[PDB]
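We give structure tokens for two forms of one protein chain below, kept apart as structure 1 and structure 2.
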Structure 1
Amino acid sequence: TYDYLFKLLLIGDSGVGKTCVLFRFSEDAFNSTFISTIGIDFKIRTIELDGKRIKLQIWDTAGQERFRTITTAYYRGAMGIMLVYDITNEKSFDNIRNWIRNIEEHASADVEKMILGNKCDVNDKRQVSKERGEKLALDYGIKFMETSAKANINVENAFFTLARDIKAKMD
């Protein structure tokens, strides 16, 4: 009932919007309520990309410090990782290089990474400009997108680009 299964992972600080980005992609809605993730979860959405059925198993990590030893066990065998920060929160953008060092110390060698600057609908609280998210990911050799789970900006584009980068690598 599908062709291939891809394992995806969402990492970043608590409150950057990891669960909301996945809830926008897998169920086309947005929750305003901060419901912090406990430990680790995953969601399934099967897509139709380029004539082919692709189920995505997207793991959603808890960003709080007390769950970080649980979430480190799920890096190996991730085929794609989103590093999410909040464009309204300077410190979560600063913490992306800690999450870069958490990826390369635990994940696989060929894993395709992608930086998401989430909450790009909140212009009056923007602390990290769009040009600085573009230059950091170009420095890492990594694709960049500004997303908004609330405004449905580039969420479906982020997952369909990360599955296109997986499916081209099989070919």
Structure 2
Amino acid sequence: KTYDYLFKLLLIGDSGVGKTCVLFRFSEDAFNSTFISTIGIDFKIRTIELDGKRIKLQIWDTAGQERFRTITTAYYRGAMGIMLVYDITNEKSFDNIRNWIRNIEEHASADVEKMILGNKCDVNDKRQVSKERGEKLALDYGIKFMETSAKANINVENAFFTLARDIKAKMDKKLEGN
């Protein structure tokens, strides 16, 4: 076996909050320097191991391309997990998270796992959103939340591992009959 399952994931959030940097940190352990600008880098992959099974995480980064809540059911079709990202530098992007969420509940499947990322934990001088405000919005909707920084490589790895472990969990119980 090369790998056992394919988990399709979506990076969702406003433009500028760091979705592409989060993706390249998780997939290639990279930030800036030898720049590769996403002329069509719609997704990146990273194969991880959970409970002896090797999961290929296929993580898409197409939000904000043309998707300013123009989205319908087709954009979430096939997605098993969604990573919602805002910028703690930017309260406007944090408030827009409420919109992205309602776009998801009304257009995506109900058994899609979701997680919220407050990226740029490393910029405290320019912070506009408290961490407790981050965990309060996530507690509202009953989905997990963490703060991250793609630049300092803080909480990127364990965020994706938690989401994938949650996806594998409910997929595994579904395979006990159904």
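Here, rigid core means the biggest group of C-alpha atoms that superpose within 1.5 Å across both forms. Residue 1 is the first residue of structure 1, and the numbers go on in sequence order from there.
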{"item": "Option from 27, 50, 139, 131 moving between structure 1 and structure 2, CA shift at or above 2 Å, rigid core reference", "value": "50"}
{"item": "Core-superposed C-alpha of residue 99 shifting 2 Å or more between structure 1 and structure 2", "value": "no"}
{"item": "Core superposition between structure 1 and structure 2, C-alpha change of residue 111 at least 2 Å", "value": "no"}
{"item": "Cα displacement of residue 40 between structure 1 and structure 2 reaching 2 Å, rigid core superposed", "value": "yes"}
{"item": "For residue 71, CA displacement between structure 1 and structure 2 after the core is overlaid, in Å", "value": "8.9"}
{"item": "Shift in Å of the C-alpha at residue 61 between structure 1 and structure 2 after core superposition", "value": "1.8"}
